[PDB]
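Notes for the structure review
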Amino acid sequence: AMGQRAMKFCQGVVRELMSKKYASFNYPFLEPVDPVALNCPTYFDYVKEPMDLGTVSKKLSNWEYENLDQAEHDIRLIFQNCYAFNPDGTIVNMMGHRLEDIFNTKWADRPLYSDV
Ligand SMILES: COc1cc2c(cc1-c1c(C)noc1C)ncc1[nH]c(=O)n([C@H](C)c3ccccn3)c12
């Protein structure tokens, strides 16, 4: 499982993506999509690997991420799911783009090398 420096970097990115500073557009991505409560019963027709920021946060703190690439895959899945179910021009599509660009910016400074 991921080492200390890489884990603390990942915690910082995930904490930043979930911060209340960004609550006006990260809120739909804090918890898993509930198609029954949200009245979109065809969500799982389009999304086969659901993911949310809270799930990524728990997997990280649960020592489930072997490396930073695995975390990037999961976080990318949040937005791939969003754009797959929500067409261009919808609110949550715009919010997903806003949050994903923040993620790309923070992730650009990820450690590239490991040193046990
Ligand atoms: C309108 O889309 C959502 C709205 C949500 C949501 C998750 C989604 C969502 C996500 C994320 N991916 O697909 C869907 C559908 N999760 C919680 C939540 N609480 C909540 O009030 N909403 C409403 C309906 C909403 C509508 C448009 C933009 C932002 N939020 C939502």
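This text follows the structure it describes.
Residues numbered from 1 in each chain as written, not as in the entry; some residues may be left out. Heavy atoms only, no water. Residues with missing side-chain atoms left out of burial classes, pairs and counts.

Quick notes on the side chain of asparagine 26
For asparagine 26, the position within the fold is in helix α2 (residues 23–26). On the basis of relative accessible area, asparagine 26 is assigned to the buried category, the value being 1%. Polar contacts involving the side chain of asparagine 26 include one to the main-chain carbonyl oxygen of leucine 17, which spans 2.9 Å. Look past the residues within four positions of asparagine 26 in its chain and what remains in contact with it is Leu17, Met18, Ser19, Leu53 and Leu99. (Helix = DSSP H or I, 4+ residues; strand = E, 2+ residues; numbered from the N terminus. Buried < 20%, exposed > 50% of the residue type's maximum accessible area, 1.4 Å probe, protein only. Polar contact = N/O pair within 3.5 Å; in protein donor to acceptor, adjacent residues only side chain to side chain. Contact = heavy atoms within 4.5 Å.)

Details of the site of the ligand
Close to the ligand lie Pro28, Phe29, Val33, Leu38, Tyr43, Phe85, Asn86, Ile91, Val92 and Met95. The separation between an oxygen atom of the ligand and a polar side-chain atom of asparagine 86 is 3.0 Å. Relative to its unbound accessible area of 570 Å², the ligand is 61% covered by the protein chains. With 3 residues, the single largest contributor to the shell around the ligand is helix α6 (residues 91–107). Looking at the shell around the ligand, its residues break down into 9 nonpolar, 1 polar and no charged. (Near = heavy atom within 4 Å. Areas by Shrake-Rupley, 256 points an atom, 1.4 Å probe, with all protein chains shown as cover. Nonpolar A, V, L, I, M, F, W, Y, C, P; charged D, E, K, R; others polar.)

Topic: the pattern of salt bridges
All chains considered together, the criterion is met by 5 salt bridges. Put simply, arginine 110 and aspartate 69 hold a salt bridge, and the shortest N to O gap is 2.6 Å. One end of the pair, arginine 110, is in the segment after α6; the other, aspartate 69, is in helix α5 (residues 68–85), with 41 residues separating them in the sequence. The salt bridge partner of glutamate 72 is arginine 76, with a shortest N-O separation of 2.9 Å. Placement of the pair is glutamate 72 and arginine 76 together in helix α5, with a separation of 4 residues, close to one helical turn. A relative accessible area of 17% means that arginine 76 is categorised as buried. Members of the salt-bridge network, linked through shared partners, are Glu72, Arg76 and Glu100. (Salt bridge = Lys/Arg side-chain N within 4 Å of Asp/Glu carboxyl O.)

Describing α6
Compared with an ideal rise of 1.5 Å per residue, which puts 17 residues at 24 Å, α6 spans 24 Å between its outermost C-alpha atoms and is within 8% of the ideal. What α6 keeps buried is the set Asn93, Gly96, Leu99, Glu100, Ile102, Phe103 and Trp107. Next to the buried residues of α6 lie α1 (4–17), α2, α4 (53–61) and α5. (Expected span 1.5 Å × (residues − 1).)

Observations concerning the packing of α4 against α5
Between α4 and α5, whose axes approach to 10 Å, the crossing angle comes to 170°. Considering their axes alone, α4 and α5 lie roughly antiparallel with respect to each other. Residue-level inspection shows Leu53, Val56 and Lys59 of α4 in contact with α5, the latter providing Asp74, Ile75 and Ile78. Looking at side-chain class alone, the contact of α4 with α5 contains 4 nonpolar, no polar and 2 charged residues. (Axes fitted to C-alpha atoms, helices over the stretch in contact; angles between N-to-C directions. Parallel < 35°, antiparallel > 145°, perpendicular 65-115°, else oblique.)

Some remarks on the packing of aromatic side chains
In this description, a pair of aromatic rings is defined by centroid distance and the angle of the planes. Counted under the stated rule, the structure contains 7 aromatic pairs. Here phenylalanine 9 and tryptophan 107 contribute two aromatic rings whose centre-to-centre distance is 5.5 Å and whose plane-to-plane angle is 50°, an arrangement assigned as tilted. With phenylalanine 9 in helix α1 and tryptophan 107 in helix α6, this residue pair connects regions lying 98 residues apart in the sequence. Under the relative-accessibility criterion, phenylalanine 9 is labelled buried at 18%. Of the residues examined, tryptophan 107 reaches a relative accessible area of 9% and is grouped as buried. With 5.2 Å between their ring centres and 40° between their planes, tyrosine 22 and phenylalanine 25 make a pair best called tilted. As far as the burial class goes, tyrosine 22 and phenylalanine 25 line up, both buried. Here the aromatic residues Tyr43, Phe44, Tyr46 and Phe85 are joined through ring pairs into a cluster of three or more. (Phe/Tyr/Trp six-rings, centres within 6.5 Å; stacked < 30°, edge-to-face > 60°.)

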